[PDB]
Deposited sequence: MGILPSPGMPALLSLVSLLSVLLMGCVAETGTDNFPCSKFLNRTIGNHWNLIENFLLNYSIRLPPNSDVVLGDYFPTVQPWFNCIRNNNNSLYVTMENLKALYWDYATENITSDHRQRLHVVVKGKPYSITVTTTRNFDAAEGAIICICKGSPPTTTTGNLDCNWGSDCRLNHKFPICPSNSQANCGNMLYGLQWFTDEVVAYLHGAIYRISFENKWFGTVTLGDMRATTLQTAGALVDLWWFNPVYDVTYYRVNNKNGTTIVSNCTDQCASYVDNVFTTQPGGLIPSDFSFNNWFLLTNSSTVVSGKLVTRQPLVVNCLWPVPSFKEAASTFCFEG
């Protein structure tokens, strides 16, 4: 299928807020800043659910985010590039340690098995992790995703960031209960850390005119 079930984040916007709350931890104790990145957005959320030889494709994107709805089966995500590709494979054991690999070879478009990493060589990342935080089902209360930059890949998992550095040419091509949010451009948010509690707000109109480049 192709990009079936087009919905906004709606009442689940708090997932985006939480993402920004974790992202902004690195800021100084006394600052008011506007952060711009390929942040998860609010409009293009998809649930393409229209045989294990079929898959969904996407093109020309720079970051990919997804969420877990709350029958539970499996997810397969491939980000193409050269010499390295990124593959994420999940398994039905939500309370035990999905796998993420960054390697050299040719990932499959579909997977029938589980938790392996033999599609390539000279790997930089080979990491096993639980699908649900703290092995509980506390699941579907945060976003997961990838941002692929030429210099490094940053993986967002369980509120934590994993940064894997290596030179790579990335392609915008991506091959895929789970909801997805393709990200194509930069979104700006204002973060106020003066109060003692960080406050995250949208920057879309008059302030946007001062930061949007």
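Gaps without C-alpha coordinates occur at 1-36, 87-88, 109-114, 142-143, 184, 224-239, 277-337, with positions taken along the deposited sequence from 1.
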